[PDB]
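Undergrad: The data below comprise the sequence and an experimental structure of the protein.
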Amino acid sequence: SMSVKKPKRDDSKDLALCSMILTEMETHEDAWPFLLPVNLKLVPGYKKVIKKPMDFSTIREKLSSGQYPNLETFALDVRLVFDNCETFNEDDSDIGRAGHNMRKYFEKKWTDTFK
């Protein structure tokens, strides 16, 4: 509260560490469904159904231009990528399995880096 603060957690390396994680996600072999924005002209249903599209290129640009105020907003966009994927894709499809795999990969790096 006012004039009463928890000890200051060092957050000076967060930007660098989120970039590293994002690099690891970008280079994973199962990243291909997620590298670029879904083409809303070419994929029926996507525009109407997925209220907040997100992809790795868009996260990389936001990261690079100071549009994440803290590491929680970064994790929210990453998770949005996989939540969108589960909304639109069957679990037993290549893309559906890609998304589960990538979410697992991310969540481990996130825990190991920050928790």
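TA: Thanks, I have it. Residues are numbered from 1 along each chain as shown.
Undergrad: Touching, residue 96 and residue 82? I think so.
TA: No. Taking C-beta atoms under 8 Å as the definition, residue 96 is not a contact partner of residue 82, at 10.4 Å. C-beta: built from backbone N, CA, C; applies to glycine.
Undergrad: So between these two, which is more surrounded?
TA: Legend: neighbour count by other C-beta atoms under 10 Å for residue 96 and residue 82, higher for residue 82 (20 against 16).
Undergrad: Need the three-state assignment for the residue in the chain sticking out farthest from the centre.
TA: Residue farthest from the centre of the chain, counting by C-alpha atoms, centre = their mean, is residue 3 at 34.9 Å. Following DSSP: H, G, I helix; E, B strand; the rest coil, we place residue 3 in the coil state.
Undergrad: residues in contact with it?
TA: Applying C-beta atoms under 8 Å, 6 or more residues apart in numbering to residue 3 gives no contacts.
Undergrad: can you pull out the helices in the protein?
TA: Here the chain has its helices, by DSSP state H, at 14-26, 46-49, 56-64, 71-88, 94-114.
Undergrad: Grab the CA positions of the shortest one and hand them over as PDB.
TA: If I follow you right, that is helix 46-49. C-alpha atoms of helix 46-49 as PDB (Å, rounded to 0.1, in the frame of the first residue of the first chain):
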ATOM      1  CA  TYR A  46     -10.900 -17.500 -38.600                       C
ATOM      2  CA  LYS A  47     -11.800 -13.900 -38.600                       C
ATOM      3  CA  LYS A  48     -15.200 -14.400 -37.000                       C
ATOM      4  CA  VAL A  49     -14.300 -17.100 -34.600                       C
END
